[PDB]
Each structure stands twice: as structure tokens, then as C-alpha cells.
>>> print(open('model_34.txt').read())   # compact mmCIF, C-alpha atoms and all ligand atoms
# COMPACT_ATOMS: atom_id res chain seq x y z
CA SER A 1 5.17 -9.23 -21.88
CA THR A 2 5.70 -5.99 -19.99
CA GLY A 3 5.28 -4.66 -16.46
CA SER A 4 4.85 -1.17 -15.01
CA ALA A 5 4.89 -0.28 -11.31
CA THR A 6 4.90 2.98 -9.41
CA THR A 7 7.79 3.57 -7.04
CA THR A 8 7.26 5.87 -4.04
CA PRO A 9 9.75 7.69 -1.80
CA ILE A 10 9.81 6.30 1.75
CA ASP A 11 10.12 9.75 3.33
CA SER A 12 10.24 13.48 2.61
CA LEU A 13 13.93 13.33 1.65
CA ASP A 14 13.71 10.58 -0.97
CA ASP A 15 16.01 8.41 1.14
CA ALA A 16 14.86 5.36 -0.81
CA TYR A 17 11.96 4.25 -2.98
CA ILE A 18 9.57 1.36 -2.47
CA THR A 19 7.69 -0.55 -5.14
CA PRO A 20 4.87 -3.02 -4.44
CA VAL A 21 5.64 -6.64 -5.38
CA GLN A 22 3.23 -9.58 -5.36
CA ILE A 23 4.71 -12.80 -3.99
CA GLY A 24 2.98 -16.17 -3.80
CA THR A 25 -0.53 -17.53 -4.20
CA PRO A 26 -2.73 -15.88 -3.09
CA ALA A 27 -0.60 -12.78 -3.55
CA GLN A 28 1.23 -11.33 -0.59
CA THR A 29 2.14 -7.74 -1.45
CA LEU A 30 5.40 -6.45 0.00
CA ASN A 31 7.02 -3.06 -0.61
CA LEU A 32 10.54 -3.69 -1.86
CA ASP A 33 13.52 -1.46 -2.51
CA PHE A 34 14.49 -2.02 -6.15
CA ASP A 35 18.29 -2.02 -6.15
CA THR A 36 20.31 -1.91 -9.36
CA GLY A 37 23.43 -2.25 -7.18
CA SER A 38 22.70 -5.77 -5.91
CA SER A 39 21.28 -9.07 -7.12
CA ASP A 40 19.28 -10.70 -4.33
CA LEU A 41 15.51 -10.59 -3.90
CA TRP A 42 15.12 -10.94 -0.14
CA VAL A 43 12.20 -10.29 2.17
CA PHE A 44 11.16 -9.96 5.78
CA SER A 45 9.34 -13.18 6.51
CA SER A 46 7.60 -15.41 9.01
CA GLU A 47 11.11 -16.83 9.60
CA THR A 48 12.67 -13.51 10.60
CA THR A 49 13.72 -13.35 14.25
CA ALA A 50 10.68 -11.75 15.89
CA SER A 51 12.66 -9.10 17.78
CA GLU A 52 14.11 -7.92 14.43
CA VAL A 53 10.70 -7.20 12.90
CA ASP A 54 9.20 -3.80 13.71
CA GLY A 55 6.32 -2.83 11.43
CA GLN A 56 7.40 -4.47 8.17
CA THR A 57 5.05 -6.61 6.15
CA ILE A 58 6.25 -10.21 6.07
CA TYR A 59 6.17 -12.99 3.49
CA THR A 60 4.78 -16.23 4.93
CA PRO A 61 5.72 -19.06 2.58
CA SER A 62 3.51 -21.59 4.39
CA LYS A 63 0.49 -19.54 3.25
CA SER A 64 1.51 -19.67 -0.42
CA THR A 65 0.38 -22.70 -2.41
CA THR A 66 3.11 -22.07 -4.98
CA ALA A 67 6.02 -21.71 -2.50
CA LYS A 68 8.63 -24.44 -2.50
CA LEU A 69 11.67 -24.63 -0.23
CA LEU A 70 14.84 -24.51 -2.30
CA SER A 71 16.44 -27.33 -0.37
CA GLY A 72 19.83 -26.62 1.13
CA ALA A 73 20.02 -23.08 -0.20
CA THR A 74 21.15 -20.22 2.03
CA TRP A 75 22.06 -16.61 1.48
CA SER A 76 23.91 -13.89 3.35
CA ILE A 77 24.57 -10.36 2.20
CA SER A 78 26.32 -7.27 3.50
CA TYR A 79 25.97 -3.81 2.00
CA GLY A 80 28.03 -0.62 2.14
CA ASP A 81 26.57 0.87 5.34
CA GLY A 82 27.50 -2.23 7.30
CA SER A 83 23.91 -3.47 7.16
CA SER A 84 23.26 -7.14 6.49
CA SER A 85 20.71 -9.93 6.33
CA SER A 86 20.69 -13.69 5.78
CA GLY A 87 18.41 -16.70 5.63
CA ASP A 88 17.09 -19.50 3.46
CA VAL A 89 15.34 -19.63 0.08
CA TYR A 90 12.01 -20.47 -1.47
CA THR A 91 10.93 -20.41 -5.08
CA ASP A 92 7.58 -18.77 -5.72
CA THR A 93 5.60 -16.69 -8.19
CA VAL A 94 6.60 -13.03 -8.19
CA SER A 95 4.79 -10.26 -10.05
CA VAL A 96 5.78 -6.64 -10.56
CA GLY A 97 3.35 -4.25 -12.18
CA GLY A 98 1.59 -7.06 -14.04
CA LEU A 99 4.74 -8.92 -15.12
CA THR A 100 4.90 -12.43 -13.63
CA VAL A 101 7.87 -14.71 -13.09
CA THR A 102 7.29 -18.26 -11.89
CA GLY A 103 10.01 -20.07 -9.94
CA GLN A 104 11.68 -16.86 -8.75
CA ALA A 105 14.12 -17.30 -5.87
CA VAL A 106 12.65 -15.47 -2.87
CA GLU A 107 15.27 -15.19 -0.17
CA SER A 108 13.58 -15.37 3.21
CA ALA A 109 15.37 -13.51 6.00
CA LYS A 110 16.05 -15.32 9.23
CA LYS A 111 18.20 -12.39 10.44
CA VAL A 112 18.38 -8.71 9.54
CA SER A 113 20.65 -6.00 10.97
CA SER A 114 19.39 -3.09 13.05
CA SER A 115 19.16 -0.59 10.18
CA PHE A 116 16.64 -2.86 8.45
CA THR A 117 14.59 -3.43 11.60
CA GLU A 118 14.54 0.31 12.27
CA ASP A 119 13.06 1.08 8.87
CA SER A 120 9.44 -0.01 8.92
CA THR A 121 8.82 1.13 5.33
CA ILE A 122 11.07 -1.37 3.50
CA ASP A 123 9.94 -5.00 3.46
CA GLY A 124 13.00 -6.23 1.55
CA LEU A 125 15.15 -5.74 -1.53
CA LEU A 126 14.71 -6.62 -5.20
CA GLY A 127 18.10 -6.76 -6.84
CA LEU A 128 18.52 -5.64 -10.46
CA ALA A 129 22.30 -5.83 -10.92
CA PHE A 130 23.80 -8.83 -12.75
CA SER A 131 23.04 -12.30 -11.44
CA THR A 132 26.76 -13.00 -10.97
CA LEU A 133 26.46 -11.03 -7.68
CA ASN A 134 23.65 -13.18 -6.29
CA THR A 135 24.64 -14.61 -2.90
CA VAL A 136 22.62 -17.84 -2.82
CA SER A 137 24.73 -20.90 -2.03
CA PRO A 138 25.44 -23.54 -3.20
CA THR A 139 23.44 -22.77 -6.36
CA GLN A 140 23.51 -19.12 -7.40
CA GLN A 141 20.08 -17.74 -8.37
CA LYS A 142 18.88 -15.35 -11.07
CA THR A 143 17.40 -11.90 -10.57
CA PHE A 144 13.80 -11.12 -11.34
CA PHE A 145 14.91 -9.26 -14.46
CA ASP A 146 17.17 -12.12 -15.61
CA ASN A 147 14.27 -14.56 -15.21
CA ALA A 148 11.79 -12.27 -16.98
CA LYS A 149 14.06 -11.21 -19.83
CA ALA A 150 13.26 -13.76 -22.51
CA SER A 151 9.54 -13.13 -22.09
CA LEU A 152 9.80 -9.35 -22.28
CA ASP A 153 8.88 -7.49 -25.45
CA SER A 154 12.37 -5.93 -25.25
CA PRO A 155 15.12 -7.01 -22.81
CA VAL A 156 15.14 -3.76 -20.84
CA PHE A 157 13.90 -2.06 -17.73
CA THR A 158 13.70 1.64 -16.99
CA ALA A 159 13.98 3.72 -13.84
CA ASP A 160 12.12 7.02 -13.67
CA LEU A 161 12.55 8.16 -10.07
CA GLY A 162 10.72 11.23 -8.82
CA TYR A 163 12.03 14.19 -6.86
CA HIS A 164 9.85 14.37 -3.75
CA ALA A 165 7.24 12.45 -5.77
CA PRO A 166 6.43 8.96 -7.05
CA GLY A 167 7.98 7.60 -10.21
CA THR A 168 7.95 4.44 -12.31
CA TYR A 169 9.80 1.20 -12.99
CA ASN A 170 8.91 -0.30 -16.37
CA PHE A 171 9.92 -3.72 -17.66
CA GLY A 172 10.06 -4.69 -21.31
CA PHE A 173 9.38 -1.35 -23.00
CA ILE A 174 10.54 2.24 -23.24
CA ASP A 175 7.80 4.80 -22.55
CA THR A 176 8.59 7.45 -25.13
CA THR A 177 6.26 9.90 -23.35
CA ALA A 178 8.34 9.78 -20.15
CA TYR A 179 11.35 11.83 -21.27
CA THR A 180 12.31 14.85 -23.36
CA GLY A 181 14.72 14.91 -26.29
CA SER A 182 16.63 11.73 -27.09
CA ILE A 183 18.09 8.91 -25.01
CA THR A 184 21.90 8.77 -25.08
CA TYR A 185 23.27 5.27 -24.70
CA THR A 186 26.66 4.52 -23.21
CA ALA A 187 28.77 1.39 -22.72
CA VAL A 188 28.53 -0.84 -19.67
CA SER A 189 31.11 -3.11 -18.08
CA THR A 190 29.65 -6.08 -16.25
CA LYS A 191 33.04 -7.18 -14.89
CA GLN A 192 32.17 -6.23 -11.29
CA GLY A 193 28.51 -7.31 -11.65
CA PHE A 194 27.20 -3.74 -11.73
CA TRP A 195 25.71 -1.40 -14.30
CA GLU A 196 29.10 0.24 -14.53
CA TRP A 197 29.70 3.02 -17.04
CA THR A 198 31.92 6.06 -17.63
CA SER A 199 30.60 9.60 -17.39
CA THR A 200 32.31 12.10 -19.67
CA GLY A 201 32.60 14.88 -17.08
CA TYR A 202 30.80 17.45 -14.99
CA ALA A 203 29.91 21.07 -14.37
CA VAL A 204 29.02 22.95 -11.20
CA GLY A 205 26.15 25.42 -11.50
CA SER A 206 26.58 27.66 -14.54
CA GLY A 207 30.28 26.83 -14.72
CA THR A 208 32.14 25.42 -17.67
CA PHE A 209 32.00 21.71 -18.33
CA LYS A 210 35.09 19.73 -17.30
CA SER A 211 35.78 16.83 -19.65
CA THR A 212 37.03 13.94 -17.55
CA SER A 213 36.25 10.22 -17.41
CA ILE A 214 34.42 9.17 -14.26
CA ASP A 215 33.80 5.44 -13.94
CA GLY A 216 30.88 4.56 -11.69
CA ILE A 217 27.73 2.53 -11.20
CA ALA A 218 24.07 3.33 -11.77
CA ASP A 219 22.68 2.35 -8.37
CA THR A 220 19.01 2.92 -7.51
CA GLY A 221 19.64 1.42 -4.05
CA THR A 222 22.03 4.18 -2.96
CA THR A 223 20.53 7.52 -1.95
CA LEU A 224 23.34 9.93 -2.80
CA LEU A 225 25.84 10.76 -5.54
CA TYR A 226 29.36 9.61 -4.62
CA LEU A 227 32.15 11.03 -6.78
CA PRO A 228 35.92 11.59 -6.58
CA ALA A 229 37.08 13.97 -3.86
CA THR A 230 38.34 16.48 -6.44
CA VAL A 231 34.90 16.76 -8.07
CA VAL A 232 33.07 16.93 -4.74
CA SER A 233 35.39 19.65 -3.41
CA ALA A 234 34.83 21.69 -6.57
CA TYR A 235 31.06 21.45 -6.02
CA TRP A 236 31.00 22.38 -2.31
CA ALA A 237 33.49 25.22 -2.79
CA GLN A 238 30.62 27.04 -4.51
CA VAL A 239 28.48 26.92 -1.35
CA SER A 240 29.39 29.48 1.33
CA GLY A 241 30.08 27.79 4.64
CA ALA A 242 30.06 24.21 3.32
CA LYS A 243 32.64 21.91 4.84
CA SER A 244 33.47 18.25 5.24
CA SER A 245 32.78 17.04 8.73
CA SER A 246 34.33 13.76 9.87
CA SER A 247 32.01 13.85 12.90
CA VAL A 248 28.90 14.08 10.73
CA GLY A 249 30.25 11.77 8.00
CA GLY A 250 30.63 14.04 5.00
CA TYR A 251 29.93 17.45 3.56
CA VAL A 252 27.45 19.64 5.36
CA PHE A 253 26.27 23.11 4.45
CA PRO A 254 24.26 25.93 6.00
CA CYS A 255 20.56 25.20 5.66
CA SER A 256 20.17 28.85 4.62
CA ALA A 257 22.13 28.21 1.41
CA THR A 258 20.79 28.05 -2.12
CA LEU A 259 22.58 25.10 -3.74
CA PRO A 260 23.97 25.17 -7.29
CA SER A 261 23.03 22.52 -9.82
CA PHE A 262 25.42 19.73 -10.81
CA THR A 263 25.70 18.48 -14.38
CA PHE A 264 27.12 15.10 -15.42
CA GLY A 265 28.02 13.98 -18.92
CA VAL A 266 26.66 10.96 -20.76
CA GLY A 267 28.62 10.90 -24.00
CA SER A 268 28.06 14.30 -25.58
CA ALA A 269 24.79 14.70 -23.64
CA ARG A 270 24.30 16.38 -20.27
CA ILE A 271 22.05 15.59 -17.29
CA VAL A 272 21.41 18.48 -14.92
CA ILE A 273 20.71 17.77 -11.25
CA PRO A 274 18.92 20.82 -9.79
CA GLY A 275 20.42 22.23 -6.60
CA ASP A 276 17.34 21.35 -4.57
CA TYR A 277 17.96 17.64 -5.27
CA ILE A 278 21.27 17.93 -3.38
CA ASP A 279 19.67 19.03 -0.06
CA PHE A 280 19.21 16.20 2.47
CA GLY A 281 18.06 18.42 5.26
CA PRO A 282 19.14 19.04 8.85
CA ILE A 283 21.76 16.66 10.21
CA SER A 284 19.61 16.32 13.35
CA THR A 285 16.18 17.70 14.11
CA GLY A 286 16.27 21.48 14.41
CA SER A 287 19.88 21.85 13.27
CA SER A 288 20.84 24.59 10.83
CA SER A 289 23.54 22.34 9.38
CA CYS A 290 22.22 20.38 6.38
CA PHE A 291 23.59 17.18 4.86
CA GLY A 292 24.85 17.28 1.29
CA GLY A 293 23.63 15.01 -1.48
CA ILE A 294 27.00 14.88 -3.27
CA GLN A 295 29.67 13.14 -1.22
CA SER A 296 33.15 11.74 -1.74
CA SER A 297 33.58 8.16 -2.93
CA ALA A 298 37.09 8.04 -1.47
CA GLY A 299 37.21 4.95 0.69
CA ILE A 300 34.29 3.29 -1.12
CA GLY A 301 36.45 2.11 -4.01
CA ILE A 302 33.86 2.97 -6.68
CA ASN A 303 31.91 6.05 -7.77
CA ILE A 304 28.15 5.70 -7.34
CA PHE A 305 25.46 7.44 -9.39
CA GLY A 306 22.75 6.95 -6.78
CA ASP A 307 19.25 8.33 -6.58
CA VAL A 308 20.33 11.99 -6.47
CA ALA A 309 21.74 11.57 -9.99
CA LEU A 310 19.32 9.00 -11.40
CA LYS A 311 16.17 10.91 -10.40
CA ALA A 312 17.28 13.76 -12.69
CA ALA A 313 17.01 11.38 -15.66
CA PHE A 314 14.98 8.74 -17.41
CA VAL A 315 17.33 5.75 -17.23
CA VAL A 316 17.31 2.70 -19.48
CA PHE A 317 18.94 -0.49 -18.23
CA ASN A 318 19.41 -2.34 -21.51
CA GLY A 319 19.94 -6.04 -20.91
CA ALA A 320 20.67 -7.00 -24.50
CA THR A 321 23.47 -9.52 -25.11
CA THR A 322 25.87 -6.59 -24.76
CA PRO A 323 24.26 -4.47 -22.03
CA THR A 324 24.21 -0.66 -22.23
CA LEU A 325 22.76 2.24 -20.22
CA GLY A 326 20.63 5.03 -21.62
CA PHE A 327 20.00 8.46 -20.11
CA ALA A 328 17.50 11.11 -21.14
CA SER A 329 16.43 14.37 -19.58
CA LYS A 330 12.81 14.58 -18.44
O1 LIG B 1 25.06 -0.24 -1.18
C1 LIG B 1 24.32 0.70 -0.40
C2 LIG B 1 23.07 -0.14 0.10
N1 LIG B 1 22.08 -0.31 -1.01
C3 LIG B 1 21.18 -1.50 -0.87
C4 LIG B 1 20.27 -1.30 0.25
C5 LIG B 1 20.14 -1.87 1.46
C6 LIG B 1 19.04 -1.22 2.10
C7 LIG B 1 18.58 -0.32 1.25
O2 LIG B 1 19.32 -0.34 0.09
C8 LIG B 1 22.39 0.60 1.30
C9 LIG B 1 22.74 -0.06 2.62
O3 LIG B 1 24.08 0.38 2.84
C10 LIG B 1 24.31 1.49 1.99
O4 LIG B 1 23.04 1.87 1.48
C11 LIG B 1 25.24 1.08 0.81
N2 LIG B 1 26.19 2.26 0.55
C12 LIG B 1 25.47 3.55 0.27
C13 LIG B 1 26.45 4.70 0.25
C14 LIG B 1 27.55 4.47 -0.77
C15 LIG B 1 28.22 3.14 -0.55
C16 LIG B 1 27.21 2.01 -0.52
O1 LIG B 2 21.20 9.85 8.88
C1 LIG B 2 21.49 10.78 7.84
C2 LIG B 2 20.12 11.54 7.60
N1 LIG B 2 19.16 10.61 6.92
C3 LIG B 2 17.80 11.17 6.68
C4 LIG B 2 17.18 11.44 7.98
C5 LIG B 2 16.86 12.57 8.64
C6 LIG B 2 16.27 12.16 9.87
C7 LIG B 2 16.27 10.84 9.88
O2 LIG B 2 16.83 10.35 8.73
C8 LIG B 2 20.39 12.79 6.72
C9 LIG B 2 20.40 14.07 7.53
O3 LIG B 2 21.71 14.09 8.11
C10 LIG B 2 22.46 13.06 7.48
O4 LIG B 2 21.77 12.75 6.29
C11 LIG B 2 22.53 11.80 8.39
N2 LIG B 2 23.97 11.29 8.41
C12 LIG B 2 24.40 10.63 7.12
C13 LIG B 2 25.90 10.42 7.11
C14 LIG B 2 26.37 9.74 8.38
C15 LIG B 2 25.18 9.25 9.18
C16 LIG B 2 24.26 10.38 9.57
>>> encode(input="model_34.txt", output="C-alpha cells")
Amino acid sequence: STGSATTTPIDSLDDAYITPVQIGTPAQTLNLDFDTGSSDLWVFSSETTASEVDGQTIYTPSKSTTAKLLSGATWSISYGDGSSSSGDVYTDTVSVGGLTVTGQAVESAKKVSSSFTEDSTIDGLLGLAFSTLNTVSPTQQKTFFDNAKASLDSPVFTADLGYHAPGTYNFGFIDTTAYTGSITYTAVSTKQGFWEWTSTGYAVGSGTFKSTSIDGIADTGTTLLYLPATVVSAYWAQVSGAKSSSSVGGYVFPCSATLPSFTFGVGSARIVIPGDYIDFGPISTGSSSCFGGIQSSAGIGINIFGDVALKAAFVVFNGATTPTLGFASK
């Protein structure tokens, strides 16, 4: 089997991407944030505290003839921004782009934090990291990909995120028309539950490539590119007037600037992020200070190749017995 679904930016800045997902019978279609940095499939639901729902589409398990309460199961998750959600669990039929999994754990939110309520465009998360991170207790549950894997033509999924445009998540096949040149594969450590790999270095603009190992995660659920402070300083030093602002929460730059590209290494290959991809716009409406798309990972404890980096590439998440990651230009 295979699946193929279009993923669409939620706003003009590509802050996140939503992908339609069919849950239950008859189908209830919710727009989920596919997140290769986490491992829970959770949704706004008929059980979510009413005051915490503001425009999201909800899953109503009582209206699905295939929903079954997973008795005694609960979940609770916190993410990097201090956002969180929690609830109970149903199993139900879940389809993505024509690929169907029966008995998928669908984590129904009873509570969500304010940042979720305030974002009407995201109806929940679909985790695509390793199932060892799944938060369901007392019986940990498998991700959609983990459940689908054995049925897939090939045990892979791919992320092809667009810059200011829709893109594609494919399951079970590699679309050889979707990238240029060859795909370079690189080793993954699953020890922290992430698609964790080691970049071979970086360049800023037309500058020379610096060979240096940068361990980090391929994370479709994080907007920006978070790298060591040394690397980030070297980038922003090439932008007149850029500075790190503790009051804003990172590097900002004059909106009048033209940003340089940023290149990262994948083995001997190179992925170039155009400068425009690094512009996240005015810090507040009408400001001439713009927020940077490359930020320091100091304090996070891990480097994160988020959407800013991934959208410059065609990315293969290879879930073979020994997982690997592939990157191609496009
Ligand atoms: O891990 C990500 C999260 N990803 C999943 C998620 C939840 C809601 C949408 O996506 C979201 C919510 O908190 C932040 O962004 C967090 N943060 C991003 C900056 C670098 C450190 C980690
Ligand atoms: O909230 C984000 C904004 N998000 C997109 C956006 C624009 C308007 C609404 O949402 C953009 C523009 O400025 C920054 O990045 C701002 N900043 C991030 C670091 C600390 C928290 C505040």
C-alpha cells in the first residue's frame, strides 16, 4: 500500500503545515500537524473543555461506528514552547492520503493549553518520531507510520514541504519526480526517539564550507532552524544590523535587509536554504524589525532541523530495520 497527501502552510509565514486526516466511520476529516519530532496522534474532540476550543474541527468518537475506548488509557504531553495537552484514548480507523490503518490510537484531548486554543487552523498532531516517545499510559501506543509500515510497499515516508506553498507527505514510496539529482542517505540514532542525524557542516551565503559535525533532529513540527550559537552568530554577522534580542526571544534583523542563503551538509552533499526562507517577518504588526529563521539551540539541549531547513529539501524518513534519513535538493 501507499498514501499521498498534500500538506498546506497554516499562514503566510509557513509557521506550520496541516495535512487532512480521515478518522472514524463515517470519516471525520481533521487537519493535523504532522510532527516528526513527537509520537502521539492527538486531536481536538467532543471531550475537549469547551472554553478551550475556538474554531478547530473536533473528533466526536460517539459518532464513529469503529471507535472503541481504549479502557484505562490516558496521555499527557508537553512540547518545547511550554504548550501541552492531555486526555484519554480511542482506537479507530485512520486514513492519510488513501492509506488506511485500523486500530490506530487516537488520543482525544480533554485539555489543551492556550497556544493550541488560539490557533484555529490546527486540529491536532500526528506524530512521526519513534513510538518509544509515545505518551500513552499504561500501555504505550504505536504511531500511524509504525502501524502502517508492514503494509507499505517500502517502509518509508517522505516530507516535501513547500516554501510559501503546499507540499506533500508520501507513505510507502519515493516519488522520483519530486527531487533533482540524487538522494544522499545518512545515519540515524534512535536513542532519544528522534530522527537524529549528524550534518557535516555549513556555509553562509557564498562563503566557504566549514566542515564540522552538527548533531540534530529532523523535525517537521518545529518552524525554525536551531543550531549552535557559534554557527548562528556566523550567519547573522553577515546581515547588517542583525542582533540577538532577549526581549524579542532571539535574532532579529532589519526588514530592509536581503538575507544570505545558508547551506548545510549531508555527507558530501549540500542543501541550500535560500535567504528568503529565513525571513519570518515583522516581530509585531508594522514593525521594521523582522524575526530570523535561524536561531540558537543553546538552552534547548539539541539542534533542530525544523521546517526552514527541511523545506529546502526532499526528505526521506527510512524506517527500515536500521533507520536512515535521505536528503535531496529539489
Ligand atoms: O517541539 C516544538 C513543538 N512541535 C510540536 C507542535 C506542537 C504544536 C505544533 O507543533 C511546537 C510547540 O512548542 C514548540 O513548537 C517546540 N519547540 C520549537 C522550537 C525549538 C524547540 C522545540
Ligand atoms: O510570535 C513570533 C511570530 N510568529 C508569526 C506571527 C506573526 C504574527 C503572528 O504570528 C514571528 C514574528 O515575530 C516572531 O516570530 C514572534 N516571536 C517568536 C520568538 C518569541 C515569541 C515571539
>>> atom_distance(input="model_34.txt", atom1="CA of residue 204 in chain A", atom2="CA of residue 258 in chain A")
13.3 Å
>>> closest_residue(input="model_34.txt", among="A:320, A:308, A:161, A:283", to="ligand LIG 2 (chain B)", atoms="all atoms listed in the file")
A:283
>>> residues_around(input="model_34.txt", residues="range 27-43 of chain A", least_positions_apart="2", cutoff="6 Å", atoms="all atoms listed in the file", output="ChimeraX atom specification")
/A:17-25,45,106-109,122-129,131,133-134,143,219-221
>>> residues_near_point(input="model_34.txt", point="(37.3, 16.9, -3.4)", cutoff="12 Å", atoms="all atoms listed in the file", output="mmCIF file with C-alpha atoms, in the coordinates of the input")
data_model
loop_
_atom_site.group_PDB
_atom_site.id
_atom_site.type_symbol
_atom_site.label_atom_id
_atom_site.label_comp_id
_atom_site.auth_asym_id
_atom_site.auth_seq_id
_atom_site.Cartn_x
_atom_site.Cartn_y
_atom_site.Cartn_z
ATOM 1 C CA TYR A 226 29.360 9.610 -4.620
ATOM 2 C CA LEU A 227 32.150 11.030 -6.780
ATOM 3 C CA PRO A 228 35.920 11.590 -6.580
ATOM 4 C CA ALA A 229 37.080 13.970 -3.860
ATOM 5 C CA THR A 230 38.340 16.480 -6.440
ATOM 6 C CA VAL A 231 34.900 16.760 -8.070
ATOM 7 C CA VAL A 232 33.070 16.930 -4.740
ATOM 8 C CA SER A 233 35.390 19.650 -3.410
ATOM 9 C CA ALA A 234 34.830 21.690 -6.570
ATOM 10 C CA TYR A 235 31.060 21.450 -6.020
ATOM 11 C CA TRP A 236 31.000 22.380 -2.310
ATOM 12 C CA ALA A 237 33.490 25.220 -2.790
ATOM 13 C CA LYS A 243 32.640 21.910 4.840
ATOM 14 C CA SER A 244 33.470 18.250 5.240
ATOM 15 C CA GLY A 250 30.630 14.040 5.000
ATOM 16 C CA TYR A 251 29.930 17.450 3.560
ATOM 17 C CA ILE A 294 27.000 14.880 -3.270
ATOM 18 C CA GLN A 295 29.670 13.140 -1.220
ATOM 19 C CA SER A 296 33.150 11.740 -1.740
ATOM 20 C CA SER A 297 33.580 8.160 -2.930
ATOM 21 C CA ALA A 298 37.090 8.040 -1.470
#
>>> closest_residue(input="model_34.txt", among="A:172, A:306, A:166, A:293", to="ligand LIG 2 (chain B)", atoms="only C-alpha atoms and all ligand atoms")
A:293
>>> decode(input="model_34.txt", residues="range 38-53 of chain A", atoms="C-alpha atoms", output="JSON list (two decimals), in the first residue's frame")
[["chain", "number", "residue", "atom", "x", "y", "z"],
["A", 38, "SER", "CA", 6.88, 13.57, 18.51],
["A", 39, "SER", "CA", 4.96, 10.31, 18.61],
["A", 40, "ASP", "CA", 1.37, 10.98, 19.67],
["A", 41, "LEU", "CA", -1.63, 11.30, 17.36],
["A", 42, "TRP", "CA", -3.92, 13.59, 19.35],
["A", 43, "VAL", "CA", -6.97, 15.60, 18.37],
["A", 44, "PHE", "CA", -9.37, 18.27, 19.49],
["A", 45, "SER", "CA", -12.52, 16.38, 20.35],
["A", 46, "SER", "CA", -16.03, 16.41, 21.72],
["A", 47, "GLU", "CA", -14.30, 15.80, 25.09],
["A", 48, "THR", "CA", -12.16, 18.94, 24.96],
["A", 49, "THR", "CA", -13.09, 21.55, 27.56],
["A", 50, "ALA", "CA", -15.48, 23.80, 25.64],
["A", 51, "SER", "CA", -13.75, 27.05, 26.61],
["A", 52, "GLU", "CA", -10.50, 25.66, 25.13],
["A", 53, "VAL", "CA", -11.99, 25.12, 21.67]]
